[PDB]
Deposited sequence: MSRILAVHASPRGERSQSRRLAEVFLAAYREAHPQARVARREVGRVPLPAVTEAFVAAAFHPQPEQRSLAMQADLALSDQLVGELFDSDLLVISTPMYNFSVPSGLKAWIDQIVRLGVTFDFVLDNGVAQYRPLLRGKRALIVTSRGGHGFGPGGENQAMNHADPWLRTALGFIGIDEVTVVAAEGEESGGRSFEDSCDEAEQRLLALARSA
């Protein structure tokens, strides 16, 4: 089995989303000594935004005719997509930043949603089709505040993990589990972290 872990917090040792995700990965490895884990850093590394050159290349009507310069514009995207194609399970760790995700993780999504590679379309009278099959995802997220989850007072303000679900679903990753810790700013954060940890150990050991 093959895991791709995408870490989105810019924090290091102090990132709770990174820490929780790494609890999961360690527990998974304990149960699956032969599994391979690849990490793609998008929080502590600036992941480039989509440019006009990326757009021209990624939507070129005859992709085989792309110049070597166009291929250079897509080289990073190709690498990021390949990582996902090589994986069975995608783990994304992310803070909530201003009701969404850190910009680096948005840039990652923007590199991996690719016409003819992770989705396609046909024209009837465009009808989109996902191209990733057989994958699952786990989103591990930390939030300073409270009530962003289902039934929460602030649920409507959450454009972080629900948005990720939609973006991933578009390319075919429909089986998505979310594990959230809340209260990081106040610090019953211990309880929320403890609950997230236990949930992640159960998930790792059953996978």
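Residues of the deposited sequence missing from the coordinate set occupy positions 1, 127-128, 191-192.
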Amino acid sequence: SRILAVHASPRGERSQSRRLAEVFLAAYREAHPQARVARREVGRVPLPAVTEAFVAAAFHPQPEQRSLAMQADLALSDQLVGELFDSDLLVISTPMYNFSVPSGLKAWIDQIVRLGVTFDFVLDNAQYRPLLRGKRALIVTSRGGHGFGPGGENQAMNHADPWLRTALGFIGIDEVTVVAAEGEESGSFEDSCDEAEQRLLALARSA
From here on, numbers count along this sequence of modelled residues.
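Gaps at residue 187 occur in at least a third of the other compared entries of the protein that contain both adjacent residues. Modelled in this chain, residue 84 is likewise built in all the other compared entries whose models extend past it on both sides, so a third of them omitting it does not occur. For the two regions 45-53 and 61-69, the entry's Cα B-factors average higher over 61-69. Averaged over their C-alpha atoms, the temperature factors of 197-205 and 4-12 are higher for 197-205. In this entry, the residue among 123, 117, 89, 107 with the greatest C-alpha B factor is 123. The residue among 35, 27, 180, 164 whose C-alpha atom has the highest B-factor in the PDB entry is 35. For residue 95, the recorded CA temperature factor ranks within the lowest third of the chain's modelled residues. Among all modelled residues in its chain, residue 77 ranks in the lowest third by Cα B-factor.
When the modelled residues of the chain are ordered by their C-alpha B factor, residue 139 lands in the lowest third. In this PDB entry, residue 160 carries a Cα temperature factor that places it within the lowest third of its chain's modelled residues. Ranked within its chain, residue 131 lands in the highest third, by CA B factor from the PDB record.
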